[PDB]
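# Descriptive structure summary
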Amino acid sequence: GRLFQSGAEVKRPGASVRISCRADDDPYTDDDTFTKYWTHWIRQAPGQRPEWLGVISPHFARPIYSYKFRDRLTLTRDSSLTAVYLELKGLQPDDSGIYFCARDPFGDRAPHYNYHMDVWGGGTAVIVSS
Amino acid sequence: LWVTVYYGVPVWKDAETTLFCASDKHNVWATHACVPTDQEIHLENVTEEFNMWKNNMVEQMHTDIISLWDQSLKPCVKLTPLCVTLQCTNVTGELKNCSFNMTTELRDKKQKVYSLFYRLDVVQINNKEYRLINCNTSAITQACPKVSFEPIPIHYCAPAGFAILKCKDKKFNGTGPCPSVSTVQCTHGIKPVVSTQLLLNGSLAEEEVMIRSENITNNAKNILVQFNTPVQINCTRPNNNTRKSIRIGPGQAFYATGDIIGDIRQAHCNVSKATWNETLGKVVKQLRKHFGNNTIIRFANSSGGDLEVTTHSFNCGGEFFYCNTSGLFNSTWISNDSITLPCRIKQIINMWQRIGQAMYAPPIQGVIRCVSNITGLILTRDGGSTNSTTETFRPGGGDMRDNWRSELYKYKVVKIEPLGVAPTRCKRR
Amino acid sequence: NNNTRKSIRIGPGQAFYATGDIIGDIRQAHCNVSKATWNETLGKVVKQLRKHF
Amino acid sequence: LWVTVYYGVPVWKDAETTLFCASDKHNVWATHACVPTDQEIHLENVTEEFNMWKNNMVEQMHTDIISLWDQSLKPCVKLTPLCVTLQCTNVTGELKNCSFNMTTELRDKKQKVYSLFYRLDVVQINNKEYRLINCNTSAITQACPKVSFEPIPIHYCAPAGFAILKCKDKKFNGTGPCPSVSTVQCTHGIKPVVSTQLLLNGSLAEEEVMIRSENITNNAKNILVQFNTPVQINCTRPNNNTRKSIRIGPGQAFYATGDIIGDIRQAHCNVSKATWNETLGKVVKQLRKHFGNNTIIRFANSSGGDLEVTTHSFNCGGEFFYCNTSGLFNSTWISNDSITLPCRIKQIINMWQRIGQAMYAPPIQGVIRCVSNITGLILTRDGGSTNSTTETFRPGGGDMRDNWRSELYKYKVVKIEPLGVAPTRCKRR
Amino acid sequence: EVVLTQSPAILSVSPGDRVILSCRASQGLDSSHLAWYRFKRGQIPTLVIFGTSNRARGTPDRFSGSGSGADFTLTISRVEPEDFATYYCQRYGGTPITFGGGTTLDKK
Amino acid sequence: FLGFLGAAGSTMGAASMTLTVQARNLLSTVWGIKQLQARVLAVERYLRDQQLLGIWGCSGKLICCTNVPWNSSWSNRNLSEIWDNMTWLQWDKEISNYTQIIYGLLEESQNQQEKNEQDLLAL
Amino acid sequence: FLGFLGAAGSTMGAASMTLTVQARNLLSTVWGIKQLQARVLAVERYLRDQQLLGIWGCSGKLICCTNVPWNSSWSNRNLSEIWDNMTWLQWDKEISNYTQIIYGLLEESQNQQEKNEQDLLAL
Ligand SMILES: *[C@@H]1O[C@H](CO)[C@@H](O[C@@H]2O[C@H](CO)[C@@H](O[C@@H]3O[C@H](CO[C@H]4O[C@H](CO)[C@@H](O)[C@H](O[C@H]5O[C@H](CO)[C@@H](O)[C@H](O)[C@@H]5O)[C@@H]4O)[C@@H](O)[C@H](O[C@H]4O[C@H](CO)[C@@H](O)[C@H](O)[C@@H]4O)[C@@H]3O)[C@H](O)[C@H]2NC(C)=O)[C@H](O)[C@H]1NC(C)=O
Ligand SMILES: *[C@@H]1O[C@H](CO)[C@@H](O[C@@H]2O[C@H](CO)[C@@H](O[C@@H]3O[C@H](CO[C@H]4O[C@H](CO)[C@@H](O)[C@H](O)[C@@H]4O)[C@@H](O)[C@H](O[C@H]4O[C@H](CO)[C@@H](O)[C@H](O)[C@@H]4O)[C@@H]3O)[C@H](O)[C@H]2NC(C)=O)[C@H](O)[C@H]1NC(C)=O
Ligand SMILES: *[C@@H]1O[C@H](CO)[C@@H](O[C@@H]2O[C@H](CO)[C@@H](O[C@@H]3O[C@H](CO[C@H]4O[C@H](CO)[C@@H](O)[C@H](O)[C@@H]4O)[C@@H](O)[C@H](O[C@H]4O[C@H](CO)[C@@H](O)[C@H](O)[C@@H]4O)[C@@H]3O)[C@H](O)[C@H]2NC(C)=O)[C@H](O)[C@H]1NC(C)=O
Ligand SMILES: *[C@@H]1O[C@H](CO)[C@@H](O[C@@H]2O[C@H](CO)[C@@H](O[C@@H]3O[C@H](CO[C@H]4O[C@H](CO)[C@@H](O)[C@H](O)[C@@H]4O)[C@@H](O)[C@H](O[C@H]4O[C@H](CO)[C@@H](O)[C@H](O)[C@@H]4O)[C@@H]3O)[C@H](O)[C@H]2NC(C)=O)[C@H](O)[C@H]1NC(C)=O
Ligand SMILES: *[C@@H]1O[C@H](CO)[C@@H](O[C@@H]2O[C@H](CO)[C@@H](O[C@@H]3O[C@H](CO[C@H]4O[C@H](CO)[C@@H](O)[C@H](O)[C@@H]4O)[C@@H](O)[C@H](O[C@H]4O[C@H](CO)[C@@H](O)[C@H](O)[C@@H]4O)[C@@H]3O)[C@H](O)[C@H]2NC(C)=O)[C@H](O)[C@H]1NC(C)=O
Ligand SMILES: *[C@@H]1O[C@H](CO)[C@@H](O[C@@H]2O[C@H](CO)[C@@H](O)[C@H](O)[C@H]2NC(C)=O)[C@H](O)[C@H]1NC(C)=O
Ligand SMILES: *[C@@H]1O[C@H](CO)[C@@H](O[C@@H]2O[C@H](CO)[C@@H](O)[C@H](O)[C@H]2NC(C)=O)[C@H](O)[C@H]1NC(C)=O
Ligand SMILES: *[C@@H]1O[C@H](CO)[C@@H](O[C@@H]2O[C@H](CO)[C@@H](O)[C@H](O)[C@H]2NC(C)=O)[C@H](O)[C@H]1NC(C)=O
Ligand SMILES: *[C@@H]1O[C@H](CO)[C@@H](O[C@@H]2O[C@H](CO)[C@@H](O)[C@H](O)[C@H]2NC(C)=O)[C@H](O)[C@H]1NC(C)=O
Ligand SMILES: *[C@@H]1O[C@H](CO)[C@@H](O[C@@H]2O[C@H](CO)[C@@H](O)[C@H](O)[C@H]2NC(C)=O)[C@H](O)[C@H]1NC(C)=O
Ligand SMILES: *[C@@H]1O[C@H](CO)[C@@H](O[C@@H]2O[C@H](CO)[C@@H](O)[C@H](O)[C@H]2NC(C)=O)[C@H](O)[C@H]1NC(C)=O
Ligand SMILES: *[C@@H]1O[C@H](CO)[C@@H](O[C@@H]2O[C@H](CO)[C@@H](O)[C@H](O)[C@H]2NC(C)=O)[C@H](O)[C@H]1NC(C)=O
Ligand SMILES: *[C@@H]1O[C@H](CO)[C@@H](O[C@@H]2O[C@H](CO)[C@@H](O)[C@H](O)[C@H]2NC(C)=O)[C@H](O)[C@H]1NC(C)=O
Ligand SMILES: *[C@@H]1O[C@H](CO)[C@@H](O[C@@H]2O[C@H](CO)[C@@H](O)[C@H](O)[C@H]2NC(C)=O)[C@H](O)[C@H]1NC(C)=O
Ligand SMILES: *[C@@H]1O[C@H](CO)[C@@H](O[C@@H]2O[C@H](CO)[C@@H](O)[C@H](O)[C@H]2NC(C)=O)[C@H](O)[C@H]1NC(C)=O
Ligand SMILES: *[C@@H]1O[C@H](CO)[C@@H](O)[C@H](O)[C@H]1NC(C)=O
Ligand SMILES: *[C@@H]1O[C@H](CO)[C@@H](O)[C@H](O)[C@H]1NC(C)=O
Ligand SMILES: *[C@@H]1O[C@H](CO)[C@@H](O)[C@H](O)[C@H]1NC(C)=O
């Protein structure tokens, strides 16, 4: 359906940002997205194409990182299994942009094994300034 | 030339069908409800296309293991009275001694009881006040203490009109044409061993270490490694545990941990250091065939996730073990003594990631020891910067379809198409 | 009424869904029918009803 | 001589198959779900081997009666709040007036109610403090007061390709060759009458008293006695019971005993004394054909066990009766008036001996009378010193397969084998 | 590393015309691995086409895709006023997932 | 008319005139699935016998003369004492341990006649 | 004896002598209904093939010569390279897209032979 992200952030250089992504804004939901789908994290700085940051697995929340973000990105799932989180540390002014979570079968669903970010969510604007 | 109808031609197509179980104290996998077993016919000149990554038998086996698990757990005790405040002290921080008020078989009476809980199964509320870990989100069902978790070999048989083709190519990478094919009635005995990062008690490769990926150039794909010789692993929960029964309702018994008798010690697993290093050299040699001879092969530990996938997670004896494998994957490969891996124990398990369900594993009386065979690995390759001469491999897993893909890779279900037509010089008189 | 839904945790894994606030005015639920369209349809029903009575 | 193939030959073999029900206000045995009934073909020159002691129809009937019983108890009221402390006085020892606190439909409100309980249903905790008899071990479910326990005759029909052979030998001892065979598709109406020590409302033997053991020289084997004429038995619970409905939860009603209107009296059964003595003489005469003419035949009372088997246990009107039959089996036999047998009533029943399950029979309003036919016995012989001239027989039972074996002894299931091969002088052209 | 190139960065059209958008890859794509995405400022991104030719659920029949090897096209049969957005191709089959630069449509 | 299995005590020759009577009777909640999968049992038990008749060239027949010769290693009783003394149950208990090789011989003979008839239809 | 599907790599002429081996193998709680409705599917898949054979006039036969002429628009190979070079799997891959029209041709041809032998038996 849709994906629900947290609010826009203003941060200092050298700090960390933490973004949430939910498939249901009900806190006591039983949605079972994030146990069925992979969740991609994708940023877009102004004047640039989208850049892929990482993906988190439905399987036991195993993350695949991009190599240029591996030393300062953490991808987490909630212990209630109903929200996923991005944590970007050591922020710089080129980390500013709109951050998206996207939902993907990712070649893993048993009939057809397709690949599509079919449900995107929102976008959290992240500004890094001093 | 007239057309001629033949019935019973040896023709098949690819198919998906329901397979049934055969199997040669009750169990989680209800093999007592399966069929008795009985066979193998070689098919000369037959080259058959296999794909272990798009195999519907793997998906059916996954659905069957999950359905047998939650069918084994319906009639057992719901631990909804155990969602109370606990007053917990330390036993000596890894174990808590927790006291609580419990219902009895009389609705108007209470009971002050205690139990030993692991730290991984309790969260504090802000001696201190705790509660069980999945108590706000989940209904917890206690596993039934006479029901065994020990994996029993099951066989998957095709119904009538369907066949199971078996690849006998001993160096088969799981995708493509196989030229050595047989027809079987069912598969070999496949033990549903639930495990992460290390394949346990499986079948070995015939000649060499096998490296199998769906696409070895796609680093998001898992790499299944099949060993040719096993590495035995010895695990123990050394604490002498006492189980205590608490009557919590009419006909309802919660099973607590009573006293530890003797020393408090850590659960651990032991691998032979030289045997593990030999197997890692064989894995590196088979792994250099896809990445270059001058590639540095690095083994690092797990990249993240839930505790099931950051550890070697397994069940044996009825306890659920979560073992740090940093001692196993810590090495760089250029062109008597034991490795001792510490393990933690959980009792509140959520194996299939069901939202709002959890299982309480009841405590096992006595000391647990366990001798298994590491027969394979699940690995993940890090994404490289494409100017790199180093490939880093980390222990993967978490998808149990890769555990059962490592036993069903050689198998295939086909549908027999017995009706053929062909030109002949016949004519109906 | 602009209804607010509120989740209450009433047991382990169990959520009751309550009504929270109304945001804005309290008004009555209602249905609208076109008056002329309804009258014309009632005339057609009456004409088909006079054939039996 | 060539082989010729015949299809449809009258050939059978012995077989086990699932039989289905037919039957000519809902009941415990769901005969409304059975098919309607409809056919009896005599088979000349056929001698067929029967064994009433290894009959699979008896085992299927047992499994079916237990499954129907626990199917009709699933939708009914679970008496989990009834497991509380009771404060009990005597109604006058055998009846207790017990007062307790009970849940209401509102979760925050309690209710002080009372009920009359039988003494066999309560155990004291050390007016006095009591609780129900199976509250610590069993979940108790209240039997649904619109559901009838009255035995409806059911018929067991064989599926297609199967037949039911029927022995028509009127002096058949239930094992060996029967030379008067018929074929039916289903049995006569068999009433599932659950009783011990005495067979009630059954079929009579045709000419004489029948004595049937699996081996009359093995004293661990039960002796089924079939009467040729019935002995009628008149039982009553003379108390005028008052039923009272208690709302114990939303939509949940407990059924209590309210007042007794009039006298407090004992439940009892009456047998005609001369009729019972004449039947016991016929049994003794048929019993001397296996143990000698000069044998002293003794009838003593039950050797021990649970109350269901030390008494004649039955169900009439919805109440469960446990009658002392010491006045029926008290006699020694060398070569208007009634016997009055006192009965106790239970309301908490564990009929199929399931661990952790019990049934609460709700009270029946008014006065209960039932007139039944004793149509047989289940006896057990005592082991003797082998130099003894006395055989003591005691009332037995407890295995309900002996109840249903006394109606299914003449029946048999066979599988039709229609395809035969033979030699003739034919030849295919 | 696979780099995707989308050939005209701005493309101008009138409502009701047929438009070709092109994606050029540096090597040999699998064609189950190429998708198209509609980005407009202030709106949720949307999957248009996956698997080189498959329409999404909420995607009208005016969009289709074709291609093979390293050449991929997304064609709009009749341009509507809501189809005036940036369109990106992206490639699966190895991490990092890479996007394609983008072709923005403006009206005449 | 004797009814279903009425000729079970009759001689084999007398019982062979009642084969339709046995043939037509071979096909037709706790009490729910008991009624259900009994029907699947009856259907597959019928279809296996029909498949056996089909691969011997005996489909649609109740009596089917074949080309397989009667081995005296099976039974050496003569024709008069088989069809006028024995019943079918006694005969089944006699030749129960030669049935699978008789069945294999019928299955050989019919496939041989099939391809022989196919070869002479090409003339 | 090669066994079930043993002649799948054999030539079509050599595999046509093993048709009984494939023919007789076509008919015979979480695990409970998985065992159950597989049986109903096997019975249905058997019965629609037997219905197709009865519709074309081939019931009770494993090889059945017909009256429909072989169109050369289906395959133009000669008999020596069909029956001694191809296998049945290769042949099924070759004529897979011409199958339903051959089936319709057999269905119309047998109905015309039915009406012709009905009209001929009235004389
Ligand atoms: C593991 O992962 C890798 C990485 O993806 C896989 O490698 C890729 O596999 C795909 C499989 O679909 C390959 O695509 C095929 O390419 C072949 C060969 O292409 C050559 O021949 C063509 C003639 O048919 C020719 O036109 C091609 O030219 C185009 O491509 C080049 C780039 O290679 C480009 O520069 C040109 O300008 C052209 O655009 C090329 O010379 C091709 O024959 C296939 O086409 C078939 O299939 C398509 C769609 O199915 C169909 O439309 C066609 O009509 C035809 O039927 C197909 O495109 C791809 O080339 C591989 N890329 C690399 C870098 O290796 C690998 O397969 C994976 N392995 C496993 C085991 O999964
Ligand atoms: C988890 O936490 C629980 C607390 O909830 C601990 O349980 C307690 O453990 C202590 C110590 O082991 C127990 O105390 C012992 O009780 C014995 C029996 O008591 C007698 O006297 C009482 C009245 O005082 C009677 O009611 C009773 O019937 C007995 O007759 C004592 O004998 C013990 O004395 C010890 O010290 C003397 C020296 O002074 C020795 O000579 C003795 O032999 C003996 O060793 C002692 O006082 C207490 O009873 C437990 N409570 C409960 C509720 O069980 C668990 O031990 C803890 N578990 C872990 C693993 O940490
Ligand atoms: C990989 O494969 C290996 C080998 O198959 C597995 O290791 C076995 O694991 C089982 C646990 O499921 C072990 O069985 C347990 O052994 C305990 C001790 O056994 C010793 O002592 C008994 C007598 O006390 C001897 O008969 C026996 O041979 C041993 O010498 C028992 O106490 C356990 O009892 C349990 O089962 C019984 C069954 O009746 C129940 O009654 C009990 O209540 C209790 O539940 C049990 O028998 C076995 O010893 C292990 N073998 C070895 C060689 O270590 C691994 O588990 C497997 N790995 C994975 C991940 O699956
Ligand atoms: C099992 O145990 C329960 C106790 O839990 C018994 O129930 C009690 O039984 C007694 C005796 O039958 C009941 O007491 C009677 O109450 C009648 C009604 O009370 C009026 O007055 C009160 C205020 O005092 C009002 O609240 C009420 O609404 C009525 O207006 C009285 O009339 C009775 O008096 C009797 O004696 C006089 C002579 O003194 C006569 O003239 C009267 O006609 C009458 O016969 C008497 O006091 C009591 O109410 C019951 N309690 C409950 C909770 O029900 C069961 O009887 C017992 N069962 C068995 C089988 O043992
Ligand atoms: C052996 O076989 C005998 C004979 O069949 C059984 O005896 C019968 O048992 C049943 C149940 O115990 C008796 O039926 C009950 O009779 C009560 C009184 O019946 C008289 O009054 C009614 C009018 O009120 C007359 O119609 C009737 O003919 C009698 O004269 C009824 O109150 C009972 O009602 C129950 O069933 C109705 C049915 O709708 C329900 O609505 C009620 O709520 C209630 O549950 C019931 O009808 C019957 O009278 C007995 N017959 C004789 C001759 O005594 C034995 O039970 C059986 N033995 C064993 C061990 O199974
Ligand atoms: C029980 O064990 C826990 C775990 O070791 C103790 O908690 C720690 O106590 C030390 C003591 O200085 C603190 O520095 C840590 O911050 C505590 N850990 C946490 C996670 O808060 C606890 O103190 C022990 N209780 C007793 C009474 O010794
Ligand atoms: C794992 O346990 C096994 C026992 O199951 C150990 O194997 C034994 O080792 C000793 C000494 O090397 C031999 O004498 C025995 O013959 C071995 N077998 C048995 C059955 O006892 C093994 O050493 C252990 N491995 C580790 C790493 O601790
Ligand atoms: C992983 O490997 C590193 C490097 O081999 C280990 O670090 C060494 O540990 C030894 C033993 O304490 C020290 O003597 C060395 O100084 C350490 N550093 C180096 C560079 O060798 C580390 O212990 C290993 N970890 C595990 C869990 O096995
Ligand atoms: C019911 O609502 C519909 C809208 O769904 C109304 O229909 C509109 O009416 C206006 C004014 O008459 C027109 O301009 C629109 O074209 C109509 N359609 C739509 C889709 O908006 C209708 O008037 C309402 N009916 C009643 C009785 O209130
Ligand atoms: C209620 O009835 C019981 C049963 O008769 C009484 O219990 C007996 O009382 C006598 C009186 O002396 C004792 O001798 C017995 O030992 C008691 N029986 C048991 C099993 O303990 C009880 O006294 C009665 N209550 C009242 C108040 O009379
Ligand atoms: C039902 O609950 C009431 C409480 O409302 C109980 O009455 C109390 O009994 C205790 C003794 O156990 C006394 O100390 C209290 O004074 C009583 N009253 C209150 C208000 O607590 C009563 O015992 C319970 N049981 C029955 C059968 O009525
Ligand atoms: C059991 O009850 C029956 C009644 O159901 C009694 O039979 C009646 O007895 C009287 C007197 O002997 C006769 O006049 C009646 O004709 C009998 N039948 C009926 C239907 O009333 C019988 O006597 C009782 N038996 C015992 C042992 O008490
Ligand atoms: C069992 O039989 C014995 C012996 O016949 C009965 O005991 C006799 O009972 C009568 C009546 O009370 C006495 O007059 C006799 O003195 C008793 N003894 C003897 C030796 O006859 C006993 O009553 C019978 N029990 C039952 C339950 O019927
Ligand atoms: C049961 O067996 C008897 C004895 O053989 C059969 O009686 C014979 O019937 C045939 C009819 O075909 C006569 O030819 C014989 O003469 C009769 N013999 C005698 C001694 O009566 C009888 O027919 C058999 N019954 C059935 C139903 O088969
Ligand atoms: C597999 O293929 C080989 C190669 O054609 C077959 O070998 C031939 O078998 C036939 C028997 O019908 C002989 O006439 C040929 O001379 C053989 N050729 C060669 C080159 O050996 C073999 O029979 C096939 N196997 C099966 C089971 O069909
Ligand atoms: C058949 O064999 C029996 C038994 O030896 C014999 O009595 C009978 O005469 C034989 N019949 C013929 C026709 O030979
Ligand atoms: C039939 O053959 C079996 C072979 O096992 C043998 O046991 C049996 O006795 C034989 N029956 C007869 C009647 O010879
Ligand atoms: C059979 O016809 C289909 C038509 O859909 C075609 O796609 C296929 O290529 C044809 N096969 C052969 C072998 O000609």
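Calculation rules
- Residues numbered from 1 in each chain as written, not as in the entry; some residues may be left out.
- Chains lettered and ligands numbered in written order.
- Part of a larger assembly, values for the part shown.
- Heavy atoms only, no water.
- Residues with missing side-chain atoms left out of burial classes, pairs and counts.
- Helix = DSSP H or I, 4+ residues; strand = E, 2+ residues; numbered from the N terminus.
- Rg over C-alpha atoms; globule rule 2.2 N^0.38 Å.
- Buried < 20%, exposed > 50% of the residue type's maximum accessible area, 1.4 Å probe, protein only.
- Areas by Shrake-Rupley, 256 points an atom, 1.4 Å probe, with all protein chains shown as cover.
- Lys, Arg positive; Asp, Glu negative; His and termini not counted.
- Charge placed at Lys NZ, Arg CZ, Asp CG, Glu CD.
- Contact = heavy atoms within 4.5 Å.
- Near = heavy atom within 4 Å.
- Polar contact = N/O pair within 3.5 Å; in protein donor to acceptor, adjacent residues only side chain to side chain.
- Nonpolar A, V, L, I, M, F, W, Y, C, P; charged D, E, K, R; others polar.
- Core = buried A, V, L, I, M, F, W, Y, C linked by side-chain atoms within 4.5 Å.
- Disulfide = S-S within 2.5 Å.
- 1 Å grid on protein atoms, 1.4 Å probe; cavity = no way out; pocket = protein on both sides within 12 Å on 5 of 7 lines; lining within 4 Å.
- Points joined across faces, edges and corners; volume = space filled by probe spheres on them.
- Salt bridge = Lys/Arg side-chain N within 4 Å of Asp/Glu carboxyl O.

Method-wise, the PDB entry is recorded as coming from cryo-EM, at a reported resolution of 2.5 Å.

By the naming in the PDB entry, chain F goes by Envelope glycoprotein gp41 and is assigned to Human immunodeficiency virus 1. Its PDB title, taken directly from the record, is "HIV-1 bNAb 1-18 in complex with BG505 SOSIP.664 and 10-1074".

Where the PDB entry is consulted, chain E appears under the name 1-18 Fab Light Chain, with the organism given as Homo sapiens.

Next up on the list: the overall build of chain F. If you tally the helices and strands in chain F, you get 6 helices and 1 strand. Over its C-alpha trace chain F gives a radius of gyration of 18 Å, far above what one expects of a compact globule, namely 14 Å for 123 residues. Counting over 123 residues, chain F shows a buried share of 48%. Counting every atom, chain F has about 6,200 Å² of accessible surface; 51% of that belongs to carbon and sulfur. In chain F, which carries 9 positive and 11 negative side-chain charges, the distance between the mean positions of the two groups comes to 12 Å.

Right, let's get into the overall build of chain E. A count of helical and extended segments in chain E gives 0 helices and 11 strands. For chain E, the N- to C-terminal ordering of α and β elements is β-β-β-β-β-β-β-β-β-β-β. A globule of 108 residues ought to have a C-alpha radius of gyration of about 13 Å, and chain E, at 13 Å, matches this closely. On the principal axes, the C-alpha backbone points of chain E span a range of 35 × 25 × 25 Å. Of all intrachain contacts in chain E linking residues separated by at least 6 positions in sequence, the fraction that spans at least 24 positions is 52%.

With that settled, consider the site of ligand 14. Within the structure, ligand 14 sits among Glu44(D), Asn45(D), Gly9(F) and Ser10(F). In this structure, ligand 14 sits where chains D and F come together, each supplying nearby residues. Between ligand 14 and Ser10(F) there is a distance of 2.5 Å, counted from an oxygen atom to a side-chain nitrogen or oxygen. Summarising the interface, the protein chains cover 26% of the accessible area of ligand 14, which totals 580 Å² for the free molecule. Counted by class, the shell around ligand 14 contains no nonpolar, 3 polar and 1 charged residues.

A separate point is the nonpolar core. Membership of the largest hydrophobic core comes to 55 residues, with the highest contact counts inside it found for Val5(B), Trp12(B), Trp88(G) and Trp91(G). Take this core: its biggest share by element is 4 residues, from strand β1 (residues 2-7) of chain B. In this structure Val5(B) touches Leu419(B), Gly420(B), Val421(B), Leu53(G), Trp56(G), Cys58(G), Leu62(G), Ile63(G), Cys64(G), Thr66(G) and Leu106(G), once residues within four positions along its chain are discounted.

Next up on the list: the state of the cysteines. On inspection of all chains with the given rule, the structure shows 24 disulfides over all chains. The residue that forms a disulfide with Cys21(A) is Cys101(A), at a sulfur-sulfur distance of 2.0 Å. Of note, the bridge from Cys21(A) to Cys101(A) carries an S-S torsion of about 75° and is right-handed in sense. Pair noted here: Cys21(A) is in strand β3 (residues 17-22) and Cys101(A) is in strand β9 (residues 97-104), with a separation of 80 residues, a long-range link. The disulfide partner of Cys157(D) is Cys186(D), and the S-S distance across this bridge is 2.1 Å. Its torsion about the S-S bond being 70°, the disulfide of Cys157(D) and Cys186(D) is classed as right-handed. Note that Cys157(D) is positioned in strand β12 (residues 155-157) and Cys186(D) in the loop between β15 (181-184) and β16 (198-200), a separation of 29 residues in sequence. With relative accessibility at 6%, the residue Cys157(D) sits in the buried group.

Next up on the list: empty space enclosed by the protein. The calculated volume of the largest cavity comes to roughly 330 Å³. As for the largest cavity, its lining consists of 25 residues, of which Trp38(A), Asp108(A), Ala220(B), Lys221(B) and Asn222(B) are closest to the centre. No other element matches the 3 residues that helix α4 (residues 401-405) of chain B contributes to the lining of the largest cavity. A per-class count over the lining of the largest cavity returns 8 nonpolar, 9 polar and 8 charged. In this model, the second largest cavity occupies a volume close to 110 Å³. Along the walls of the second largest cavity sit 15 residues, with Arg62(A), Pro63(A), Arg70(A), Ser303(B) and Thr380(B) positioned nearest its centre. Only β6 (63-65) of chain A together with β28 (366-381) and β29 (390-395) of chain B provide two or more residues apiece to the lining of the second largest cavity.

Let us now look at the pattern of salt bridges. It is possible for side chains of opposite charge to pair when their charged atoms get near one another. Here the structure, examined in full by the defined rule, presents 56 salt bridges over all chains. The salt bridge involving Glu44(F) is made with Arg39(G); its shortest N-O contact spans 3.0 Å. With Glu44(F) in helix α3 (residues 30-54) and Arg39(G) in helix α3 (residues 30-55), this pair bridges two chains. By relative accessible area, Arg39(G) is classed as partly exposed at 25%. One salt-bridge network, in which partners are shared between bridges, spans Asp108(A), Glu59(B), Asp399(B), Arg401(B), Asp402(B) and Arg405(B).

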